[PDB]
Each structure stands twice: as structure tokens, then as C-alpha cells.
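Note sheet for the following structure.
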Amino acid sequence: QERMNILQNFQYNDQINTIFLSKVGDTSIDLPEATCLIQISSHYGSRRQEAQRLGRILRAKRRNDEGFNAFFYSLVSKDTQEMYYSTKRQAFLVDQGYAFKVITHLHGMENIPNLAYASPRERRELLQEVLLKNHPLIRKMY
Amino acid sequence: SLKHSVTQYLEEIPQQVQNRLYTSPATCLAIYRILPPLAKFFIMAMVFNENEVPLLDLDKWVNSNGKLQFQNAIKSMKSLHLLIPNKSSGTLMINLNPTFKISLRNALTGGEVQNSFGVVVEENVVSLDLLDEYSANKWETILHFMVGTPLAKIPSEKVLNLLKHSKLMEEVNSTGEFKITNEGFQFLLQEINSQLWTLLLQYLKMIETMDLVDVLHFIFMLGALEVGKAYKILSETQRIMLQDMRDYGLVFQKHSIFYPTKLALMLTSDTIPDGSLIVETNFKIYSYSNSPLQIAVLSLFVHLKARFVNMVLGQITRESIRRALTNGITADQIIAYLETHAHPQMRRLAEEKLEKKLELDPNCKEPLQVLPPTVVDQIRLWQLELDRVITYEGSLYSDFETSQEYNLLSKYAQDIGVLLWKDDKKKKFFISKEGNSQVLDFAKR
Ligand code: BEF
Ligand SMILES: [Mg+2]
């Protein structure tokens, strides 16, 4: 019931435009309104889940208007095994024909008023926090 | 770049040597064609009149629009000392070199030429069957040895020595092998005309004590000759020079009479495609080319997996790209090769892509990208990966008694451009090994 309420409001409410789904909505869900897809955490090298997740935005309602191009973001940390797994989980999309564009920088990022975890003090606090993450009558007696 | 390179080499020559170089009409006919059209027009105007014309009269001919071209023409003509400026009676009179004038007059009017262009034996041979095959095979052998593919008949010690002593084809005996360089890849990217001119220019610079004027006599006369006909045999130096030129696949000898080949005429002037290829988003290359030279050059930055008669199929991989980059090849050069050997299908699809881009937003004229941007991004990213670690050789300066002295030394290093890093709080800085001696001397003084 709660997830259905979330979906209905994210669909028809003008106030809400973005949601944070998880592995539950990876496949076999029809979202005619969904248009943009972002991945911050991925299930290792799963190539099938890569395509299933991409499938959610392939049926966007406004997928025929001139000049429309859906977006699929994959955030990965450089100089880590996350790059290994990221390059391993897109070998099926590359085979199909889809090509990923590497974005080194997003222009105009500094002009945003507030950014999460912008201060080194908060960085240190988050560092410590994340590191610390790991006889029916006798019935009356009782 | 052809005329520019030849003109630069001819400009670097001394005037004393140029005056003797202009003796033979054969050399003059070749040098004349290389100059800009305006310079050629002025030279033709001056050749037929035995008088002196002021520079202002020449300036009058050029329109206001071509005034810029007039400056380049006059500068180029004066650089080679072709026009001798004589100032007298308050006027900067301009005159042509007498030797150049007489040579042009003889060539054009069929005057005495001293057989500079050679003679004819009237004993013709089959050009297509023998000349074409011989030159094609020999040029293929040299280019194959350059690209590094195995080949049985290795090139002669003459051309091998020229290659090593030139920047082309860096070799080391300790490694015991020869590898291509950045200039080597650029040479392979250049056209046949420039490919021949590069080697000939390197030979010209290599030769020492065989006269410099004689070498140009022979080369320009060879350019004058026409393929498919005999030419009886000349200078004593030119005999051994002809034998050496036979090693480059330009002139064919029976084993008394020498015959120019297609490359001889190619030297003078210029003159689906083979080499056109398709690049897919899967980092796959399909080149509709049937030539071992093209296959070998593609192997530099392509991990070949198979081949067919009509085409060659391969895959781009980090290993192959790193091999090509380690050889000194630039991603710009690689993309230039791919762009100039793009398939008509790729070109048409890219034209449609540009048309769609402009139709969507015609205000901005986006560049024409024949191949997908992802491949370019990946290649440049791999180059950045190779460039990730940066190291310098030098020494660190610290333990400075006075901040004034520290600032003085650091500022001197910055002024002479040998400063790489500094820190005022620590009063420390690092300088390049090249500038270490200069910094030490300044510190002592
Ligand atoms: F059920 Be489908 F493939 F989204
Ligand atoms: Mg379904």
C-alpha cells in the first residue's frame, strides 16, 4: 500500500518529480511516466540487472516528441574495483549497440546554493560515523 | 606541405650554392613550379625582357585585395635570392638572376641545354608489367620494413642507414630491434608524393662531401623524365647516386640503360576507395581494404583477430591503444587516419547526424564528427591514463636562513622558468635538474 501510494503521488502530483527506488523495482514494472534513470549503487557486475533497470525508462510517455533523449546515469568511483564491475556490467548494452559517454565534469555545479557534505568538518564527522557503522488461580502471579 | 617542405629546404641552401644550382634548365623548370602563383606570374613577366623593372611597377599589377599575396610572393622570391634587388638613382630596381633567366630562356625556346634532360634510346619496355611491378614491390618492401611487419628481402644498408641516422625509425642495438616513432606515423599518414619527398630530403641532408647541386640536378631531371621510355646514361657522382636511387624504387636498371618509373613522375606534381573503414560503437573496425601496408599500419592500434580478401576486421583494445601510444602516436593522428579513411556509409550517416543536429538547432553550427564521440573520449581517456603519473628530475631546496633569500632564489628560478613547486610556509621549493646548476650559481653569487 505504501509503495503504491508513493508511485501514485510521484506520478500525478506536481510537487514531486523524483523518487529513490531500489532492487525491488528493477524489472517487470510498467512506468509510462518515468523518463530519467540514475544509478548510485549497483548490484556488482550483474549485466542482466543492468538491462532490466534500463528497461524501466524505455516506455516513457513523452518518448515520441521531437528532440527527446532519455538519460541514464551511472555514478562510479575512479581508481577502484567499482570501475572493474561497471565495465563488466555494460558488456551487453555495448553489444546491443548502446554506447556510454564518460562525463568527467558537470558544468555549473559550483553555483548551486547548498551542497551536501561541503565542509571538511562534516567530512570528518561522516568518516568517523561510517567507520563506526561496523494453576488457574496462580495465573495472577504472571 | 609538399611545396612548403621543398621550398624550406631550398631556402636553407646558401646563395653561392643556389647560383650554381640554377645553371641547368632542368632544375629551374622544377623550382619554378613550386613558387606561389603570383611569384610565378612575376617570374614569367621578367624572364622574357632583358631590362630592369622597379618594384613599384610590380606592385601596381596586384589589386588591393591581393595586396597580402603580393607580400608573401615577394618575400618567398627574395628568400631564395631569385630576385636580386639593386638600389641606384634613388629607386629600388629589381632584376632577375642571369643564370636563372638564361636557363628558363633555353628551356622554353628550345635553346642549348647540354642534354640536361637526357637523351632517348628508342628502346621502350613494358611499363605496366615491369616498371609498375618493380616500383610497387620495392616501395612496398621499404614501407613494410618501416611498419615492422616481417619481410624476407630486407632493405639495403644504404636506406637502412639513412633511416637510422634520420629521426625516422628509431633503433637501439641494446634492444636489438627497430620501432616506429611519431614522425614515422606522420610519414605513413602522408601521401605518396610527400612520402617520397621526406625520404629524398633526408637523403639530401645526410649526404656529405657528391655535390649538393648535382643531387638536385639528378632529382629534378628525374622528375622531368617521363615513364615508359628509355634514357641512355651523366656525372661521376650521379652514377653512384643513380645506383643508390635504384634502391628506393625510383629508377630501374637491367643489372647500361636506366628507366624512370611511375614514382619518378609522381615526384614532380600530384597524380569505393581502398582503405575506407567502418568503426562501430562496439569498438570494432571493418576496413574495406586489401593491402598488406594498410593491414600492418592498422595493426599498430588495432588488435587484429581475422581477415578476408575484401576487408580486415579487428577490435580496439587497451593493449593495442597503449602499444600505439607507447610508439609515440598521437590520438589526434589516429583519429585523422580514421576520419580520412572513413567509409562512405559512415560519412553519409554522419552527414545525416549533422543535418539532424542543425535542423534541431541551426543557430549553432556543430562540428562534423564522422565517428561516434565515445571512441574519441575513450582514446583520450586512455592517453590521460598514461599521463596520470607525472615525475620530474631535480633537487629540493630547504633550510633557508632568511625568507628574503628564499624568495630571491625562488623568484630567480621562476624568472628563468625552472621552478616547478614552492611553499612559502615551509620556505621550500623544487627546481628542474636542467636549472639546478643555474640556481646554484646564482645562490653562490
Ligand atoms: F516486464 Be518488462 F520486460 F518490463
Ligand atoms: Mg513484463
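Note that the protein sequences, when read in sequence, are chains 7 and 2.
Read in order, the letters of the first sequence correspond to residues 634 to 767, 830 to 837 in the authors' numbering.
Read in order, the letters of the second sequence correspond to residues 5 to 213, 216 to 239, 242 to 263, 267 to 282, 334 to 507 in the authors' numbering.
Every residue, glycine too, gets a C-beta built ideally from N, C-alpha and C.
Nearer than 7 Å: is that true of the beta carbon of residue i relative to any heavy atom of ligand 2?
i: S661 (chain 7); result: yes
Please list the terminal residues of the continuous alpha helix (DSSP H) segment that includes residue i.
i: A77 (chain 2); result: 71-83
i: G234 (chain 2); result: Careful: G234 (chain 2) lies outside any alpha helix (DSSP H) and carries neither H nor E.
i: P406 (chain 2); result: 406-422
i: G497 (chain 2); result: 495-506
i: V124 (chain 2); result: From DSSP, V124 (chain 2) is part of no alpha helix (DSSP H); its letter is neither H nor E.
i: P271 (chain 2); result: Where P271 (chain 2) is concerned, there is no enclosing alpha helix (DSSP H), although the beta strand (DSSP E) it sits in stretches over 268-271.
Taking its Cβ as the centre, do 16 or more other Cβ atoms sit within 10 Å of residue i, making it buried, or is it exposed?
i: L60 (chain 2); result: exposed
i: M210 (chain 2); result: exposed
i: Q251 (chain 2); result: exposed
i: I736 (chain 7); result: exposed
i: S139 (chain 2); result: buried
i: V359 (chain 2); result: buried
i: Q723 (chain 7); result: buried
i: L203 (chain 2); result: buried
i: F104 (chain 2); result: buried
i: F189 (chain 2); result: buried
i: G115 (chain 2); result: exposed
i: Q22 (chain 2); result: buried
i: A398 (chain 2); result: exposed
i: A386 (chain 2); result: buried
i: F46 (chain 2); result: buried
i: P429 (chain 2); result: exposed
i: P29 (chain 2); result: buried
i: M81 (chain 2); result: buried
i: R681 (chain 7); result: exposed
i: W201 (chain 2); result: buried
i: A156 (chain 2); result: exposed
i: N101 (chain 2); result: buried
Check whether the Cβ of residue i sits closer than 7 Å to any heavy atom of ligand 1, and report yes or no.
i: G152 (chain 2); result: no
i: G337 (chain 2); result: no
i: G688 (chain 7); result: yes
Residue range of the beta strand (DSSP E) that residue i falls in?
i: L87 (chain 2); result: 87-92
i: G376 (chain 2); result: 374-377
i: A368 (chain 2); result: 365-369
i: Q261 (chain 2); result: 259-261
i: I98 (chain 2); result: 95-100
i: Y706 (chain 7); result: 704-707
i: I17 (chain 2); result: Per DSSP, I17 (chain 2) belongs to no beta strand (DSSP E) and is neither H nor E.
i: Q672 (chain 7); result: 669-672
i: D647 (chain 7); result: Counting along the chain, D647 (chain 7) falls outside any beta strand (DSSP E), and DSSP gives it neither H nor E.
i: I38 (chain 2); result: Counting along the chain, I38 (chain 2) falls outside any beta strand (DSSP E), though it belongs to the alpha helix (DSSP H) covering 29-38.
i: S349 (chain 2); result: 346-349
i: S465 (chain 2); result: Element bounds for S465 (chain 2): not the beta strand (DSSP E) but the alpha helix (DSSP H), 465-477.
What residues from chain 7 crowd round residue i, counting only those whose CB sits closer than 7 Å?
i: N344 (chain 2); result: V727, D728
Kindly list, in the order they appear in chain 7, the residues whose Cβ is closer than 8 Å to that of residue i.
i: residue 264 (chain 2); result: Not modelled: residue 264 (chain 2), which lies between 263 and 267, the two residues flanking a gap in chain 2.
i: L443 (chain 2); result: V735
i: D439 (chain 2); result: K734, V735
Name the chain 2 residues that come within less than 7 Å of residue i, Cβ to Cβ?
i: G700 (chain 7); result: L422
i: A732 (chain 7); result: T343, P434, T436
The region 701-714 of chain 7 / the region 664-676 of chain 7 touching (three or more Cβ pairs under 8 Å): yes
Cβ contact (3+ pairs, closer than 8 Å) linking the region 179-193 of chain 2 and the region 269-282 of chain 2: no
Cβ contact (3+ pairs, closer than 8 Å) linking the region 745-757 of chain 7 and the region 720-734 of chain 7: no
At least 3 beta-carbon pairs within less than 8 Å: the region 367-374 of chain 2 vs the region 346-355 of chain 2: yes
Three-pair Cβ contact test at 8 Å for the region 475-492 of chain 2 versus the region 446-463 of chain 2: yes
Segment contact flag, the region 430-443 of chain 2 with the region 336-346 of chain 2, C-beta cutoff 8 Å, min 3 pairs: yes
Three-pair Cβ contact test at 8 Å for the region 420-427 of chain 2 versus the region 440-458 of chain 2: no
At least 3 beta-carbon pairs within less than 8 Å: the region 156-170 of chain 2 vs the region 253-261 of chain 2: yes
Validate contact between the region 142-160 of chain 2 and the region 63-70 of chain 2 using beta carbons, cut 8 Å, 3 pairs: no
Stretch-stretch touch, CB-based, cutoff 8 Å, three pairs: the region 216-235 of chain 2 with the region 191-202 of chain 2: no
Segment contact, 8 Å Cβ cut-off, at least three pairs: the region 403-417 of chain 2 with the region 474-483 of chain 2: no
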